[PDB]
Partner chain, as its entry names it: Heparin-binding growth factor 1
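Before any questions on how it binds or moves, here is one chain, the form deposited without its partner chain, in structure tokens.
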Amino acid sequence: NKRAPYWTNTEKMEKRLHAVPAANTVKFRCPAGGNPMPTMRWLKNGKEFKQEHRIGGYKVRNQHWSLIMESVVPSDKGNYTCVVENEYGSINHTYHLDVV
């Protein structure tokens, strides 16, 4: 039953550009399936996004396939991409964050 990653709910993913006021919380999701369970990682502007990249750091909820950034600030604007992978494939989606 092995199978490459696939998005399980594209509805959540249709809204690509997000404009949010500073200090609000943004949450990005890339619901996925696959056998074996794929892993997920996030890039910000094409480069690995790490905890130390912003003051507030960030939360990853694997069960919900989401990236959460609390109290956004202007320097958080950018492109956020979820890369999901397993031995049979690697797929990605990109969101754009604009901080109003």
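Numbering follows the first chain given and starts at 1.
Keep in mind that the form deposited with its partner chain bound is not shown, yet the notes after this line are about it.
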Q51, heavy atom within 4.5 angstroms of its partner chain in the deposited bound form: no
Considering non-hydrogen atoms and a 4.5 Å limit, does its partner chain approach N24 in the deposited bound form? yes
If you check in the deposited bound form, is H18 within 4.5 Å of its partner chain, heavy atoms only? yes
Might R41 be said to contact its partner chain in the deposited bound form, defining contact as any heavy atom within 4.5 Å? no
